[PDB]
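Q: First the structure, then my questions, so here it is.
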Amino acid sequence: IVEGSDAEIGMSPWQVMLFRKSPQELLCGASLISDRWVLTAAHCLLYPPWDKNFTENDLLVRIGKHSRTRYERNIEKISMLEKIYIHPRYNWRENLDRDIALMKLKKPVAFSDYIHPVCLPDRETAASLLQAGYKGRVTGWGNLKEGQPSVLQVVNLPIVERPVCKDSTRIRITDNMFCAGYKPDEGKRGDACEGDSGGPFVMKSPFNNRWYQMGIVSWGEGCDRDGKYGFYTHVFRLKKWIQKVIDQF
Amino acid sequence: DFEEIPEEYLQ
Amino acid sequence: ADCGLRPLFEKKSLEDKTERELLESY
Ligand SMILES: Cc1cnc(NCC(F)(F)c2ccccc2)c(=O)n1CC(=O)NCCONC(=N)N
């Protein structure tokens with residue numbers, strides 16, 4: 001996260017860290033959507049242009065964390081993966097279209113003050129909140145500049161009009177994406193960056209005071225460049241695939 | 001850079 | 001079912017330092 005702030009304890013109890021076994025390192029963010037399921041970006045697991053192709057046994061998820069590097073004894077839970085699901089039509093060749101994956105934990109994790117699942121949006125929630133100018137919140141332990149924070153970082157960013165998102169890049173944008181960030185004249189900054197991938201973009205519903213995950217940190221050109229924007233996987237547009245995977249498996 | 005986690009988890 | 005309600009905030013009716021900024025943009 002670039003130009004963010006230190007999160008508060010308990011601020012994002014759905015935040016998940018994907019952690020590589022060996023070497024031991026930070027892969028990505030992710031989010032807890034139930035006792036048994038974790039949502040993240042497909043490009044965190046699979047991206048052949050960088051020879052990235054992780055499987056169940058290469059990774060651990062770490063839930064309940066604040067510090068990037070400490071083992072937060074008595075606080076964090078570390079879980080192993082039973083299975084990974086990547087969207088069948090994930091387009092890693094071109095524009096990261098459908099950048100989404102589900103992960104099934106080996107055993108359910110116990111909820112606590114620091115661990116708690118975020119809601120998935122329904123059609124009406126999405127229609128109401130997913131609007132240019134409305135702000136969401138992005139969290140992660142990723143790079144501070146295009147060096148690495150000691151604790152979880154947070155930043156709030158406005159959703160940007162689709163035509164402006166299109167006009168900022170050569171990349172083909174699709175309906176499964178939205179972009180977010182301040183424009184160059186708005187005089188505020190911030191973006192996700194490397195190591196933030198797969199993290200949740202969340203909004204708080206004014207109607208029921210609940211937190212909803214609207215996006216997944218997907219891609220960008222650099223981090224926090226003027227005239228560029230962060231792109232996010234559009235969670236509700238892919239929700240059918242999500243429901244399909246879950247109650248089938 | 002990262003503190004070692006309990007050995008069992010790396011199992 | 002209990003999703004999106006944080007034990008240390010919503011559940012205690014405490015607000016985090018910047019959630020106001022979100023609600024205001026709505
Ligand atoms: C996997 C990956 C590759 N390329 C990245 N950006 C370069 C690009 F924009 F030209 C591009 C190339 C191919 C397909 C899409 C875009 C890119 O961002 N990723 C994912 C990753 O680096 N994301 C980290 C979070 O970055 N998002 C922000 N800068 N807000």
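Q: Averaged over every viewing direction, what's the projected area of the C-alpha convex hull for segment A:129-186? Give it in nm², one decimal, please.
A: Over all viewing directions, segment A:129-186 projects a mean Cα-hull area of 5.2 nm².
Q: Mind listing the long-range amide H neighbours of residue A:97? Cut-off is under 5 Å, sequence gap 5 or more, other chains count too, H placed in the peptide plane at 1.01 Å from N.
A: Those qualifying (amide H under 5 Å, at least 5 residues apart or on another chain) are A:91.
Q: What value does segment A:153-249 have for Rg/Rh, both radii from Cα atoms and Rh as Kirkwood defines it?
A: Ratio of gyration radius to Kirkwood radius for segment A:153-249: 0.99.
Q: List the residues, sorted by chain then number, that are 5 or more residues from residue A:27 or on another chain and whose placed amide H is less than 5 Å from its amide H.
A: A:18, A:19, A:20
Q: Could you give the dipole magnitude of the protein assembly as shown about its Cα centre, charging the beta-carbon of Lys and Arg +1 and that of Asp and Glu -1, in debye to the nearest 20?
A: For the protein assembly as shown, the charge dipole is close to 760 debye.
Q: Quickly estimate the mean residue ellipticity at 222 nm for chain A, helices only: each DSSP H run with n ≥ 4 gives -39500 (n - 2.57), and the total goes over all residues, rounded to 500.
A: Helix contribution divided over all residues of chain A: -2500 deg cm²/dmol.
Q: Any number yet on Rg/Rh for segment A:89-219, C-alpha, Kirkwood?
A: Rg divided by Rh gives 0.96.
Q: Under 5 Å between amide hydrogens, which residues at least 5 positions from residue A:81 or on another chain qualify, with H placed 1.01 Å from N in the peptide plane?
A: Correct list: A:106.
Q: Computed from the mean reciprocal separation of all distinct C-alpha pairs, what Kirkwood hydrodynamic radius does segment A:96-157 have, in Å?
A: Every distinct Cα pair counted, the radius reaches 15.5 Å.
Q: On to the next question. For segment A:1-155, list log₁₀ I(q)/I(0) at each q in 0.19 Å⁻¹, using the Debye formula over Cα point scatterers of equal strength and ignoring solvent, two decimals each.
A: Summing over Cα pairs of segment A:1-155 leads to -1.38.
Q: Same structure again: For the protein assembly as shown, compute the orientation-averaged projected area of the C-alpha convex hull (one quarter of its surface), in nm².
A: Average projection, Cα convex hull of the protein assembly as shown: 14.0 nm².
Q: So what J values fall out for segment A:12-28 if you push phi through Karplus, 6.51 cos²θ - 1.76 cosθ + 1.60 with θ = phi - 60°, rounded to Hz, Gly and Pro as x?
A: 9, x, 8, 5, 10, 9, 7, 10, 7, 5, 8, x, 7, 7, 7, 8, 6
Q: Here is a follow-up. Just how large is the dipole of segment A:1-66 about the Cα centre, in debye to the nearest 20, putting +1 at every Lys and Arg Cβ and -1 at every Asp and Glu Cβ?
A: Charge dipole, segment A:1-66, about its Cα centre: 200 debye, nearest 20.
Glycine gets a Cβ as well: all are built from the backbone with ideal geometry, and neighbour counts include every protein chain shown. Bear in mind that the values in this text are calculations on the coordinates, not laboratory data.
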